[PDB]
Number of protein chains: 2
Amino acid sequence: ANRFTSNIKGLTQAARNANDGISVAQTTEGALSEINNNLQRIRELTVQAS
Amino acid sequence: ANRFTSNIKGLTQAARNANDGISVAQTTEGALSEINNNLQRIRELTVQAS
């Protein structure tokens, strides 16, 4: 019973670590998309400058 | 989708550039019209002096 309790609490602890990881991933993806917007705009008006 | 958006914006700006070029072409042809008028008038009136 003690072993099962410790194992269960370990998995519960790991779950929120995984959620923290997904939060990091979403934040990085948002930043990357914001950068992609500027890249697309530059790709746009580079044709105009050409 | 990102590649599609980039291509679409580039092609739209390309169409605008082509419109700029066609406008330049009509302007040059317009000037050539006044040049042609003077040359034709000179050619016709040369015979009178001849």
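Readers should treat all values here as calculations from the given coordinates under stated rules, not as data from a laboratory. As a convention, Cβ positions derive from the backbone with ideal geometry for all residues, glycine included, and neighbour counts pool all protein chains shown.
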Quiz item: Taking the stated definitions as given, is residue B:16 loosely packed, with under 10 Cβ neighbours inside 10 Å, under 30 Å from residue A:41 (Cα atoms) and within 14 Å of another protein chain (Cβ to nearest Cβ)?
Solution: no
Quiz item: Which one is nearest to the chain's Cα centre (by Cα), of the residues in the range A:26-50 that are more than 10 Å from chain B (Cβ to nearest Cβ) and acidic (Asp, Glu)?
Solution: A:29
